[PDB]
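Coming up are structure 1 and structure 2: the same protein chain in two forms, each one given alone as structure tokens.
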Structure 1
């Protein structure tokens, strides 16, 4: 068959290395490739010497998986740095951060237009659906707003800042306190979070109260105050959320079924309204 090797990038080709304030502190950095002349991001362990050989294989495993899963809506890996001095994963740089920031930093982004929100939800489904259609199927099991990255034109790139795979319980289905019905549950909560710009279980301080409540069937509140009546396709989106976070995992739809129903919804938006939505947030961000 047709096989292709991932490039090995020398450490001294990464210029202007700077820490980034994301993921675990001291695990994500930005830089520039001296030859390709593009901005990049570098994911790495905490800095120490010597790097264990068991630690190197942990990084190569994540890199091999991200290499196998290359797709239009998945964070593109560019290569790996494997030397005695440094050990990291180099990917493309997403300039506009994560969906977490866009939703809840209401001063930098006072308004987020509906067409952009619906396209974001659409592209999130496209990336995960591609992961599930692989052989063997790839399961994320960590879908949250912090893992949804946005590129130069606010297109979705799905990523994973965690390191152990190779508050934070609000995206977990109740049966958790193999297993393909996990990601669609996280997606239902993200959909509610996008359409509301509110924190799920805002007034609940103790996480044990959250875990107990969702185990009894309680979900984030859906009323006029959380989801106003002027949301486009409000009735159809609520049916998707409620079926997405169903108590019984067998009653949750696949990401394919969601995409089939999302296609006619997104089609009712004019194509130009997407660009005008992106030009607006970048304009409001100019004066800040």
Structure 2
């Protein structure tokens, strides 16, 4: 609702791959790049997601309802995932602070929108956080580093958001030294979190203390001791006013081809 004929999807090249395979395609009629995910009803689930229209959630353009093939069609995000921006240090040697804070703001906005829905993400990660043409956040929802302990031992999303905040400010991989994901799950269940020091989070970080407190409270062992998305927004909004609108555009231009 709308139904997209799979034959309308030209040049179906691979993007990412489990839940299904995400592939880039060119719409024959629309003359735009789209993204299509192959699924293994789902039509009812897809319909709930079509009601969700907000500037920071990935727009569902339609559905492929062929018998041999079933899939979800969304917009193609030309700047990939947040994971790619933070970690592809060869492509992105520098990622400006106004843009990093803008992403945090927009994630909190997007998640808070989903939380206020009737009825009200599933599992929030840097790989799900897509970046549009202008590096604006588009969350794409339905790795254990973002999973709160109580989910493997409601306030789930805030735990994920804290890890994403630590990852955005550090550009470090949460549990770098840890190889086996079970060792991560163990340490986390024992109260361990990604390290907070000068090496992980340098002193050059604007509003470092204000950020550290938000991360630390966000990834609290006790779900009840974790802030709301309203409180995050209430904590970021002052830090966002610290920059002029032109600096966000200058930050993005520093990444553009």
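Positions refer to the first chain, counted from 1. C-alpha atoms forming the largest set that superposes within 1.5 Å between two forms make up the rigid core.
Enquirer: Once the rigid core is superposed, exactly one of 110, 207, 76, 95 has its CA displaced by 2 Å or more between structures 1 and 2; which residue is that?
Expert: Between the two forms, the residue that moves is 207.
Enquirer: Once you overlay the rigid core, does the Cα of residue 154 travel 2 Å or further between structures 1 and 2?
Expert: Shift at residue 154: below 2 Å after core fit.
Enquirer: Rigid core superposed, CA of residue 86 - does it shift 2 Å or more between structures 1 and 2?
Expert: Yes, shifts by 2 Å or more.
Enquirer: After aligning on the rigid core, report the distance the C-alpha of residue 254 travels between structures 1 and 2, in angstrom.
Expert: Residue 254 C-alpha displacement between structures 1 and 2, core-aligned: 0.8 Å.
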